[PDB]
Every structure is written in structure tokens, then in C-alpha cells.
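Pasting in a structure now, in C-alpha cells, and then I'll have a few things to ask.
Labels run A, B, C, D, E and F following the written order; every chain starts at residue 1.
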Amino acid sequence: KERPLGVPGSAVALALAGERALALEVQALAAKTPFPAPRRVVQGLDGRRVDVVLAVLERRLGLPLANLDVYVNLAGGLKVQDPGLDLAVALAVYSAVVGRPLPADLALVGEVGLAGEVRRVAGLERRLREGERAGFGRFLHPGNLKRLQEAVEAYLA
Amino acid sequence: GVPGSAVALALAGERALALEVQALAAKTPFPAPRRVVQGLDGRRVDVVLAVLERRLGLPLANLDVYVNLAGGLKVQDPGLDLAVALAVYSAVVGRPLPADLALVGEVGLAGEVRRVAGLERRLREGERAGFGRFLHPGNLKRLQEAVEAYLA
Amino acid sequence: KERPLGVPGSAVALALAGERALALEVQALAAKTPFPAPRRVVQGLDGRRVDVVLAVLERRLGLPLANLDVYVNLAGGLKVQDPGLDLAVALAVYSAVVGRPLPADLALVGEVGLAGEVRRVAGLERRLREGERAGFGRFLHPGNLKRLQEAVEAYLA
Amino acid sequence: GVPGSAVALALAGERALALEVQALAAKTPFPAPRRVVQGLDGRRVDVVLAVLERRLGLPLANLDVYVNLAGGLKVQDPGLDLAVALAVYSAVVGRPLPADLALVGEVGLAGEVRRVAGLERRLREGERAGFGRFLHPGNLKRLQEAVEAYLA
Amino acid sequence: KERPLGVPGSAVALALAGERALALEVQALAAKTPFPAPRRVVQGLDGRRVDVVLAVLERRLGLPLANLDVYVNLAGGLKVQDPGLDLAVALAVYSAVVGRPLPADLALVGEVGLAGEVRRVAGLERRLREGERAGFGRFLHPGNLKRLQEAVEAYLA
Amino acid sequence: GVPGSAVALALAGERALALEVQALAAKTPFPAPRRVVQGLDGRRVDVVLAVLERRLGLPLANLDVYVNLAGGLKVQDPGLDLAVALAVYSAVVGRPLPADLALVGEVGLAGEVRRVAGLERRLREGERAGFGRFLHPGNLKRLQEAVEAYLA
């Protein structure tokens, strides 16, 4: 998987798809909307989980989403439910909105709570091993990250 | 202790678990406000919110409201109503619940708290998980009492 | 099941849930709506059956529903399809709108037709026995009630 | 004999039954009026209403319309179209149908009445149930004839 | 099946329902709409396939559909997915809009593409035999028809 | 060679086929324009259109858009994205693609073209079906290149 370099709105998640650890690319695109209510298109992910993430970004991090068309896409055609994808969704969207990309060597694991906190998920060890195997060198996960704001200060400030 | 978070002693399938119910409320930019529900039955959350607005006088009509069951699971369990009601109230009013409190109960349209399956298993799991204080249909009859006792 | 005393909008139905006779509490709440179209939330019941009942109340009994938010709820988490629940739905809602409760010793059985009539249902005997067993002393059912208007004159005038 | 009620000789699964189709119509408070259907296929009711408005000139565009299959069953049976059409017409125009009349037929977009499965079983069940007069694809070709013969 | 004579909006399709060749009547009714957006009711057919056909009629053949209520109905209660029904849907609707009927001896087979072309379908031979058996004498199908416009010039000009 | 038509080398289930993807675009009469999709996943078409508008500057916001998978099949296959993107572009801009060209590729939100399952089977089927020229993830990286090479 050889992907777009330095385009904002891209974030790698160390996911569990079914029973298998996979590193996947979460993509997001944000744009000033013409319509009265902003478009919210989600493909390959749980739209509801995404809404929660979008709400946290807007309310807890002050991202100006309410007039922004937001598209979120899991590259590669899979459909994945994993709560561990939240972090990557949160950061892809943030990256897409402020227009600066994430490092290419970073992989992301975590549940996102309505308070903006990052929460433990199943299979952290497997997820991390697979990220190592796939060649990543920096990791944000619930072991080393507690609040979403910290990850933003660290990579998207 | 950020406001808008409440611990329910749930039955998920056959299994008793302490789960975190979360809510966020803020002024809506829109004609009709957003209701988003994750991990919980949307119609039950809808009933609870109507009780909160109409029986308790919580001004939800111009608020965006988001309710989230933390942990990944999707649980339909009437027993979660109490946590949902309290999480929302807390969130709206900016005052948090104690960290050592766990909640169980169905919530009716009159604002009353109703018996649910598996009370003893729920309570045991709360004890085991380290909670010190409990609100359940055995010691609570109405939402109002819970709000008075904890949300000042 | 020890329930709210003298709150309007509460009505006991002698239902068939699957194959079993159960006495259940139908609850309704009515409120002056802020929105242009009034909310209609139904939980644990057939929304369509409810609509028919709401239409009969408005058109045949003159209940001023069109600007009223109406919530109807089957207490106890079950989801029940029984047509025999119509009567209780009709009376809960009526009670909730006019703001006077039903007697606590009354149990209700019947289908509601679009003309406002009350119609026979399956398992009347079982339903009634269970109501007796559960301690009720007064019964409206298709054996003793033909029109919805009669039940209203009798308990909610 | 209140208007807006018609008896269909239906096939529900394999079984012939005489069922009551009911309709209610009244002036709508709204920009677009309510269509509520219970116990019947909503798209078939939709087609029938379009025939009633466009072929027969019934002024349904500003009417609330409710159609109800009495008895609890959900039946999809093209054979019910005739009763539905007549129940609605009756309701709109405030004139009832005789009590001894039973109806069978599919209704096309031209307003015609079309053959259906199981005519003889349907008719036998009508006889047995005590009905005296019948409208079916064997003796009726168009909705208009039915309306002229019974809804004056 | 003895059907309405010379009413516009009627078109016979030689369909495959499941595995069986059947001649079926596609009916359409078009009317000047009161609402802002025009009604689109489809019964017994694939609504999406119909939309494509309606789009072709409007965009490629200049039918003034945008303010027209359109109802399309497969007579006889079946629900059929066959792409071979497109032609008949296209011509029923056209017939209903311009208010002139199709000949009663004509049967129709074909897929309709977004360019207005008519495309091959499965089971042409079976379809045609059944049309012959049912007593039709003229046939439009992909063997003898390439563009939708040709069929219109031939029967609905 | 009418504009708005593109040939994809698809995997439908296990099977490689050359299929025609079609699009039509025209000025919308409405506040918000129509999106109709047939035979393809609507969310994937939605993503592709957003890439076309936001990355490539195609003015889709006031256009009605219809996308059709010719042939009857319903195929979900990320490999179809390229044909969909090109069919739409072509349609909007009134310039057609050569008749001998076949296309394969997933399209990301950055406008890039991504690897898909079964490339060799897809290409073999294209050869066999008589196509002379191919665009696939082995020789194309971005949508822009495809647009420059063929849609002038």
C-alpha cells in the first residue's frame, strides 16, 4: 500500500478487522459547504461512531465543523467496525480541516469518548506488532495517550 | 470528574458489566437540534429526554444532545435508562456525578424508576468493580430524588 | 410492578406477548410542540397501529392532537404487536392530553377501528384471567365495550 | 353503516377471508397531507389513490387519508385493491356501502378491474360468511361502474 | 389477461420473472404536480432502474418530466427485477406523458442505457416465443432496435 | 463515442468482466441536485464525486448527476472507481473516451489511484475482450494523469 504523500486528511489506524490486525488508511476531506446543512458522507466506517468523533472535535476541540462538508473514507474497500479506529478518524478529520498532514511514520490506536478522552481497546499488542511489522516507528495508543488534545498539540498544532 | 458521564450496571446479553454512559449538550446552531445516539437504543434515549424536558423542566428543546455508550458494545437494556437520564442532566447543567456512584433503572414516562431483570447480579458486579454508592429501583422511586441527591 | 399513582397518561392493557397473557402499562405524554410538525415518538409498540389510534382520537373524538408532541411508551422493555393493545394506547393518550388519570383498578382490551369502534381480539379469556390474577377489578374489553367514545364518557369525561 | 368501510374477499396466505378495509379522510392542516396505511401494502394503496384522484376526479390532494385493514393481519393481495378504492371513495364522499356487499379485484392505473388468483374460493367464503351481493372481476370491468352502482 | 384498450401509459414487456418468460403489462400515469418536487411512485418494479429510465426520457428525449407526477405500475402483483423491462417502462411513461397509446399487438424487450441506447438481455429467444404464444405480432427488442428514439418515432411521434 | 461512458475491468464475485460505466450530467432545476446511482455502491460514487469536485475542480454542485452500471449486475468493487470518475468527468465536460480503453482502480480521497485485487485477471479479460489500451494502478498514480491523457 503506497499512498499519497503529505496530503492532509490521511491517518493510519492499527485496526482489528474481524480477528485480524491490519494497518489501514483513514482519509478525510473537509470543505466549505454551499448547502444550509453540511454534507456528512462516511464510507467503510460506522457513521455513528464518526458523528461522535465529529461532535468531540467541534465541541471539545473547537474545530469549526458546522459549516464544513466532511467526507470520511476507509481506503481499500473494507468495512470495519473497530472502536480502535476512532483516533485515526479524529486525526484525519482534524488534519483535513486545518490543512496540515500527519507524519508518514505514525500509526494510531484508540477509542474516543465524548469528553475527548482516549480509551483502551481490544488487542493492543497484536495491533502494535502489526504496525511494527508494517514499518511504522511512532505510535499513539491508549498506553501512551490519554486525551485527544495531547495528540493534536503533538502533531497538528 | 467532567460532567456528562454516568456509570450504569448493565446486563449485556447474559453478562453484568459496569459501563460508562456519556452525554454532551450544547446550544444548537439549527432550527431543530441534533440528537445523536451511539451504542444505545435511540427510542429509549428519546423517551428519557422527553421525561427530562417535560417532567423535570430541563431546557433541551434548543440544545444539541449526544449520548454515547463508551466501550464499543451496543446494549439494549432498560436498566441503562437511569444512567442515560443522569448523564444528560449532568451534561446540561455542568455539574458532575461522584466517581464512586453506579446506577440501575428503567425510566418511565412519569419520571419514575422501574424494576429491571438481574438486580442482584448488577449490584454484585458494581461491588466487585469497586463502586461505593448505588442508585437502583430498590432505593430510588423517581428521577427527581436522584437529581436532588447528586445534581444539587 | 408498582407504578406511578394518579399520573395521567397511564393505562393497563391485558396483552398477548407471543403466546403469553400479560398485564402491561401503556404510557403516553402529550405536550404543546415548538416545531412546525409535532413529534411522534413510539417505543415498544407498532407506530403504525398508534398512528391509526391517534387519527381516530383526533378525527372521531375531536382530540386537538395536531399541535401536540405525543410520546407513547410500553413500560418494561418488551416490544409487543398485539392489536389488543389499541384500547389502552387510545386511553393513555386521551388521559395524557386532557390531563386526568384512569382508575388504578381498570384493565383494558381491544382493537380500535378507524370508525372509533372497538373490535374482538384473540385470547380474551386468557387475557381476562390474567387481569383477575394480577388484581384488577374493572375491565373494558370487546365483550362489554363497542365504541371508544363510551369508554371516554365512562372514565375521562 | 358509517362511510369509509368496505369488505374484501381476501387471500391471506393460502386462506380465504372476508376482511374489513377502512378509510378516513379529512381536510389537511398541512402543505402536503398525511398518508397512513396499516395492514396493507403502502405502494398499492398509493397507486389506488392516484387512480382515484386522476381517473375518477376525487379531490384527494388536500385531504388527509388513512387506510386501515381491520383485524390485525398484514395482507398483500392485489385482490384487496377494490375494497381499498371503494372504502376511500366512500369515506371522502360521506356515503356508505351496503352492509351485504363484498368486493374482489386488482385495480390498474387505467382504473380497470383485473383478474386475481382464487376467485371461486373468495366467492364461496363470501357466501358462507353471509354476504348477499358481490363485485368481482367476473362482473365488473372498471372502478367507475362500482362507484355508479353504489356510491350514487 | 384482458386489459384496458387504447388508454395511454400501457406497454407490454416480455419479461423473465425468476426463470420464466411472461408477457406483462407495465402501466404509467403522468400528471401536472401541485407540490414543489414531483411525486415518483413505483410499484412492482426496481425504482432505481425506473429513475434511470426517467432521466433518459427527460435528458435525452426532452420529455418535460420535472414538474410531472409519475406513477409506474407492473399490473398483476408480481415484483420483477428484469433489466429487459426497461423498454416497456420507457415507452409506457412516454405514452402516458404525450397522451397517445401504443398498439395492442406490440411487445417490448430491452435494457435502456444512460445514452438512450437499447441493450441486449438474457433469454431473448424464450421471451419472444412466449410473446408469440401469447398472440403478439409486432416486437421491439435489441435484435431490431438500437436507440430508444427510434421506437418513439415509430410508435409515439 | 458519446461522452459519459467508461469501461471498467471489474471483479463481480470471483469473475472478471469488462463492464460499461455510464454517467449523465445536466444543470439542476433544484436547490440541491439529484444524485442517482444504479448497479453500484452509492457511497463509493459519492466519495468519487467529492474527489472530482474538490480535488479536480469539476463544478458538480449545481449539476444533476446519474451514474449507471450497464448490464444488470450490482457490483461493489473498489476497482470500478476509476471508470466511475472518468465517466462522470467525460459526461460533465462533453468529451468522450476512446473506444479501445479499459480502466481499473480504486480512487482515494486525495485523488490517487490505489491497488486492487486481481489485477492480472482483470487485464487478461480486457485483452481477451479486445481492448487495446489500459489504465490501472500499475501505470497510473493519480486521477489528474488520466484526465490529462484522455480528457484533454
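A few points about this structure:
The working rule: a residue touches a chain if its C-beta (ideal position, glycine included) is under 8 Å from a C-beta of that chain, and two chains touch if they have at least 3 such contacts.
With each centre defined as the average position of its C-alpha atoms, the distance from subunit B to subunit F rounds to 48 Å.
Averaged C-alpha coordinates put the centre of subunit B at 27 Å from the centre of subunit C. Across the assembly, subunit B contributes no residue that touches 2 or more other chains. Taken chain by chain, the contacts form a single closed ring in which each chain touches exactly two others. Ring order of the chains (start at subunit A, first neighbour subunit B): A, B, C, D, E, F. Those residues of subunit D that touch subunit E in the shared complex are 32, 43-44, 46-47, 50-51, 54, 61, 76-78, 106, 108-112, 114-116. Across the interface of their complex, subunit D is touched by residues 1-4, 7, 9-10, 25, 27-29, 31, 34-35, 41-43, 69, 71, 73, 75-77 of subunit E.
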